[PDB]
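Participant: I have a structure I would like to understand better, so I am pasting it below and will then ask my questions one at a time.
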Amino acid sequence: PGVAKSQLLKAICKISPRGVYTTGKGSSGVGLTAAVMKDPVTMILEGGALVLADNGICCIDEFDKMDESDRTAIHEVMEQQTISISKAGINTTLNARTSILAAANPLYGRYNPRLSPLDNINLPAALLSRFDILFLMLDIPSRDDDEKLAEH
Amino acid sequence: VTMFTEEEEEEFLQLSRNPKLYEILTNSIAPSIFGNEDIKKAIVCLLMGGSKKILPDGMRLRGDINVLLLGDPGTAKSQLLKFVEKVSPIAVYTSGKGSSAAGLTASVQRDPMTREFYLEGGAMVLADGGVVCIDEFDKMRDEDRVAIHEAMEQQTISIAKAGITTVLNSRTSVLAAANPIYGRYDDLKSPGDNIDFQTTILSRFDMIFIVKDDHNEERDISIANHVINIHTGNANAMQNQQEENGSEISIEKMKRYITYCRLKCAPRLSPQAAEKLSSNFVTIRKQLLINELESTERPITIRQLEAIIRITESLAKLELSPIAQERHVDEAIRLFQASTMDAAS
Amino acid sequence: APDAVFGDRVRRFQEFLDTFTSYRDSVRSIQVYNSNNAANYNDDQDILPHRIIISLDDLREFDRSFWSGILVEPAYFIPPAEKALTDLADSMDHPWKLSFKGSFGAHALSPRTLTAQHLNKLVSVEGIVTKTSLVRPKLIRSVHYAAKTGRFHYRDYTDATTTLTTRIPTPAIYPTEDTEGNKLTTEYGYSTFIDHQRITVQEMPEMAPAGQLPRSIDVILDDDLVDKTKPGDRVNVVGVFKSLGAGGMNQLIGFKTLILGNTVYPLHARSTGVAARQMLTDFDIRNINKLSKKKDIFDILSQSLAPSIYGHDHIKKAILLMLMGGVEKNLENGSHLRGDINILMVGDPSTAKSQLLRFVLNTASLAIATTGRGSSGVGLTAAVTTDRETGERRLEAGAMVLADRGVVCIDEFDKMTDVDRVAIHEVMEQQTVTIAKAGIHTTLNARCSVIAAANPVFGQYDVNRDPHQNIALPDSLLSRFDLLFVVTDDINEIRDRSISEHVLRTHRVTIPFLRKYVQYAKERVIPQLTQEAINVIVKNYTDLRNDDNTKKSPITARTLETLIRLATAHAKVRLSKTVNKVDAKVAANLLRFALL
Amino acid sequence: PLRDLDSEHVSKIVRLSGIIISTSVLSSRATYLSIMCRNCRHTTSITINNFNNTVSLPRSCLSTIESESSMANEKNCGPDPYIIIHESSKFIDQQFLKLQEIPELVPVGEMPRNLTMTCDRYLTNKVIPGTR
Amino acid sequence: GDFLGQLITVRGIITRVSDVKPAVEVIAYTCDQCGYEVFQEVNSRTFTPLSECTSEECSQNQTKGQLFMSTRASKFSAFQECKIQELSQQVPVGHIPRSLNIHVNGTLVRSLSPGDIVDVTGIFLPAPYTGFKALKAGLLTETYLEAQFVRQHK
Amino acid sequence: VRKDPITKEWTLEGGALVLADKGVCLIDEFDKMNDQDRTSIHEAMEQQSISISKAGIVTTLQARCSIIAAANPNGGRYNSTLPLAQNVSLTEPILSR
Ligand SMILES: Nc1ncnc2c1ncn2[C@@H]1O[C@H](COP(=O)(O)OP(=O)(O)O)[C@@H](O)[C@H]1O
Ligand SMILES: Nc1ncnc2c1ncn2[C@@H]1O[C@H](COP(=O)(O)OP(=O)(O)O)[C@@H](O)[C@H]1O
């Protein structure tokens, strides 16, 4: 945890125009997508954050703790512009030019070589196949790397 | 009603200086229930309420005590807890956490008109400065049990729901009555082994009593033929009326008597009685040290001393004087040892 | 022309206003400051209202008649005294209102029992601020330009609320085509306006009975008194209970009531709102300046906070430091760097764990006790508004939102579900809460300090099995908390002796001096790091990575961020401006007892 | 019992007993009041006793009905001119309780019935609802 | 509420943007008998159609005309509005952010995406409106802001 | 506390055990009864009086019913040699009462 990834996660959606910072549970499966409410003075589709943050980058915390239905929408973004809705009166397939940054934490404990890749991962590899680029945030306590970081 | 007449003060003072006063009140609770003479004692001191120190030190302590009535069915402890409400001026009887429509903990319901937040109800808000009767503590739902696990230490259940952030007072007194698994087999195991979660719940209490059932054929007739006379022709109730000529002239008089005893007197112990307890609390802890190390396995608390120290003022509130004596304390150790003989074995 | 009655109330109160010269220097300082306030705004480049606090003390020792007349029929003595007071403002150099501060056992009753009695009197009411309405300005004076004549005009409008006397109502239609037929072109800006607000006050829940339906009344505010209260506080209100309106006798009950002519006083709760109104005299701070010139006062303040608890020396030392809160330095166009400190303790029961908590609550300021579950609105606001004025969505500030710049008391931390624990990573690390539901996605700020308390999993097994997984908590929550205190169950006789006479003398320098010394250090004592602060902790933190990992775990760079905070809060106690090496010598020892 | 209240019991002294549901929020009627004619400048005062619709403000300035020559010699206050000077008036309470019949006997086939209450001055703020 | 009529500068977050729809300003009216064109200016929220004719030549005559409006001769205006939430940085320590109504007219429309950071400058005018009927204290003025210039951060 | 769709005011509606005071109530299928029902039957045979804590109301209504059951065995028509408390799926205190 000591890499301070969220220092960069707030920084990216800050400089970049059309940048919405999102969390895990604070949006549900209906929150970040659109919704239908009664219009004021002027029954339109009130959109969510991914509806808002199109042609921009969405910053996402704790994808491990989403809803399982909320995972299904994310697979629907890996094919572009597709958000399908089959609710009570809505059949829309709205478009979205969004961009995805995700950051999840590993399993209980930290970096067991006895554990395998996908053993310390709480997501199926078909989702990992949709990720072109993946990083790992190691923390090896090394003697020589500290003094520059301490002076930092 | 707080204030009252002068002749009612005087008839209290006549009853006050009787040296048989502890005995006559420990013959006052259950003429309907034969036996349970130690249980007959421990009910009284709980109904008095101990001291309450509101020191310049940032916290206050607690006055009321809590007693468990774990044991076999057929005890007529159900009949006993009904009589507890009859003694108490205000008290709430609960079987489990659930009544038919009444909750037990601090519920906050929004008013459907005007959309207003108010205190809906429960039990601890109601019986503030009174008696709480809870049945089936271990057969109990456990979503709000933590609120019960705080009220018996600070008398102040805090509520931090969506509307308000208030801290109220609730100076109630809880009487627990658990139910062992498999009856007398709970004493065939280790003396815990009732609460499936753990027995650290039991460490937060004071007095623990075990109800047994040992067959004795002459006692079997005496426990029977005592109660047949209760039923028909109200003969023991008529026998009460000649005891009414000599002892315990009313329930509701004693009800008013406790209320005058509670809020008036400000008792305090004696410093030479403190060195008796320090010589006693160490040696029991030393005995618990010996029974730990020789049996090489594992409970006494410092709240056990907090249980010891409060029985004196309950007996002092009987005695109505603000001071204490040596034999004024030493009677409780005999009664408290009855609370610890159930503990070890 | 006034009658003889009106001038006699003036000259009698003018006699009182000439009697005591304390209020003379008050209005003098009002005029001189606002003159100097406009002087600096209009000389280099090329606020305060008009009301003065008068106690309810001196009127009893001056005029018991004029005492009595106010307390029954205030609608005869309030206008001439203000007219006499505006005379004093004009003579020594606009409403110029007053306060009527003062405690009286006459009419300090509950609002629950207020109705139908003591009407048209002055009543002091306290209670709960709820459902605050919107701030609107009010039209008073209209300005009109006529085109062809080229002149302006003049027109006023009044309502029955302000005047306090039932005067003959004369409505006037908003003007158009006045004299000959020139168009009355409207203007603005020079047309004057005054804000306006109405609110409802529920009674005190601590004063309330066990359970019954609460009943309330309404209060309309005035110009300098709009928006002093958020909904959800405890506020005393002093004003006049007035009933207006034609009570149904025109053509089934009229005579709706309200209270006007008001002063607003927010008061401290047990767990809500500000308690920082505590004064500091020069006599007070001279004692603090005499106190801070010593060398061992950290020990005395450490031993002070256990008034009835034996032991736990190094635990109490941090409880000073959390209320110090550390320093905050937000970066230039970057992010903030978190300064406060969050601690969890663990130990066996009946070992002063619950004997610590309200002491943390009552001594500190703006604390909220959070017990058991925290579901649906503790860390959130839930946005549930069905506001009848318009279809819209607003917020109701939750406890984690409400406890900003304060302390959150978490009781029985292990019984919390994993649902709200998602928010705790968001709260404790980014110091913000973003709520994104389908109505409005939001973002707010909360930088609370956190103390939680969890139990062991099973038994008292605090040392027997292994130091790891006595809690079985998620892994990042180890990194969230700064120090993890373990309280043992050491059985002795010398230790039992120290327990013995402590509790015995219990049942048979100070706290109010302390919180004066605390809140003074917040606004002037922040320090700045010096060169000597580097050289020790660089050598020390390498030892923390090289050899503590051979004993326990984990070691992140986040731990070094706490090493900054400990030396920071220690310099706040000594009120130094630099940072000394000794502050690190204290801070280095604090990790050893907390871990090893 | 509440079950049998015939039309022969209209406006007669009838007692009963039941269970009180819930109170209301206290309003206020008026008893004594001073008024003013908004044209004539004519003031009187009105007291009432049986306030339990009954009376309202009159519709004439009433200075015309005067047994004096020089005042009746000196227009129209009309229409209804009276505006209540509220600064010197007198007020009372009004309660509106609500009572329900006792459900122990005969509400078996039906739903329970109820009535509508109203109490006077010292009778307000008396009873916590629910008792017998 | 003392800054009414001034020219100001605010900033915040564009929230709940409405749609652009035309606002009618003045309506033409063809006589069809006298052959004039009647013009009615509306500055209120709602209005009414007018009478059979208001000519000078249809006047002082027995048989007046009967009119009807026209679409292509009227003048319209681009209209759309939105709400601005507080910047959430200068908010006091225990408060909840409010909102504010801003009307936008004419050329500057279709220039404000929701959820942004923008400097809005304009002039501060009331609108004739009060809330509930019984809560009216007699002169209740509901305000708004008219947009004049957009300067966006980012 | 419920309102009536025939009439809209709040009316207190006691239970059938509130109704059957000095009467006999007939309740069956105890296995398909909730914990809401199960606390009610527990309190009713306990002290013959039902307390409530609704909106602004706290009363204690009495109940002197007599309960006659009609159960349903679990699985088999008569399960095994195992006793009735083992045969039934209910609890011990309602068996005691
Ligand atoms: N010593 C006794 N004297 C009188 N009655 C008794 C005695 N012991 C038991 N009873 C009877 O036992 C019954 C109470 O059962 P009880 O053990 O209280 O049930 P539980 O404790 O399981 O709720 C009462 O009806 C009472 O008549
Ligand atoms: N060192 C001590 N000095 C004085 N009293 C103590 C000490 N340790 C425990 N106590 C007693 O323990 C009680 C508090 O129990 P506590 O440990 O706070 O509850 P829990 O473990 O359930 O959170 C207090 O009444 C206090 O008298």
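Residue numbering: from 1, along the chain as shown.
Using N, Cα and C of the backbone, Cβ positions are placed for all residues, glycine too.
Annotation comment: Swiss-Prot describes C:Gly347, C:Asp348, C:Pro349, C:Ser350, C:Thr351, C:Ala352, C:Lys353, C:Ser354 as ATP binding site. Annotated domain 'MCM' per Swiss-Prot: C:297-504, in sequence order. The annotation motif 'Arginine finger' is assigned in Swiss-Prot to C:479-482.
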Participant: Apart from its near flanks, which chain residues at least 6 from the ends of the motif 'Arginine finger' (C:479-482) lie with a Cβ under 8 angstroms of it?
Facilitator: 341-344, 424-425, 428-429, 452, 554, 556, 558, 562, 565
Participant: Given a separation of at least six residues and a C-beta threshold under 8 Å, show me what packs close to C:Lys353 (ATP binding site) in the same chain.
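Facilitator: Within the chain, C:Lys353 (ATP binding site) has Cβ neighbours under 8 Å at C:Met345, C:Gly347, C:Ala453, C:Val487.
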Participant: What are the non-local neighbours of C:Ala352 (ATP binding site), defined as same-chain residues 6+ apart in sequence with CB under 8 A from its CB?
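Facilitator: The answer is C:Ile309, C:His312, C:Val487.
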Participant: Return the members of C:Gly347, C:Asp348, C:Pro349, C:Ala352, C:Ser354 (the binding-site residues) with CB less than 6 angstroms from at least one atom of ligand 2, or none.
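Facilitator: Only C:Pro349, C:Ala352, C:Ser354 qualify.
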Participant: Look up C:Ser354 (ATP binding site) in the DSSP assignment and report helix, strand or coil.
Facilitator: coil
Participant: Starting from the Cβ centroid of C:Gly347, C:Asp348, C:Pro349, C:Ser350, C:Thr351, C:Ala352, C:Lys353, C:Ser354, which together make up the recorded ATP site, report each further residue of the same chain whose Cβ lies within 8 Å of that point, ordered by sequence.
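Facilitator: The surrounding set, listed in chain order, is C:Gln355, C:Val487.
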Participant: For C:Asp348 (ATP binding site), what is the secondary structure state per DSSP, taken as helix, strand or coil?
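Facilitator: The residue in question, C:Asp348 (ATP binding site), is coil (DSSP, three-state).
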Participant: Enumerate same-chain residues with a sequence separation of six or more from C:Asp348 (ATP binding site) and a Cβ-Cβ distance below 8 A; give 'none' if the list is empty.
Facilitator: C:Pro456, C:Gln460, C:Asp462, C:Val487, C:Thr488, C:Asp489
Participant: Which binding-site residues among C:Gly347, C:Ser350, C:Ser354 have a Cβ sitting under 8 Å from any chain B Cβ?
Facilitator: C:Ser350, C:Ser354
Participant: A 10 Å Cβ contact count, applied to the binding-site residues C:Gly347, C:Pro349: which residue has the minimum?
Facilitator: C:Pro349
Participant: DSSP says what for the motif 'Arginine finger' (C:479-482): how many helix, strand, coil residues?
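Facilitator: Per DSSP, the residues of the motif 'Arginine finger' (C:479-482) fall into 2 helix, 0 strand, 2 coil.
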Participant: List, in sequence order, the same-chain residues at least six positions removed whose CB sits under 8 Å from that of C:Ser350 (ATP binding site)?
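Facilitator: The list for C:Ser350 (ATP binding site) is empty, so the answer is none.
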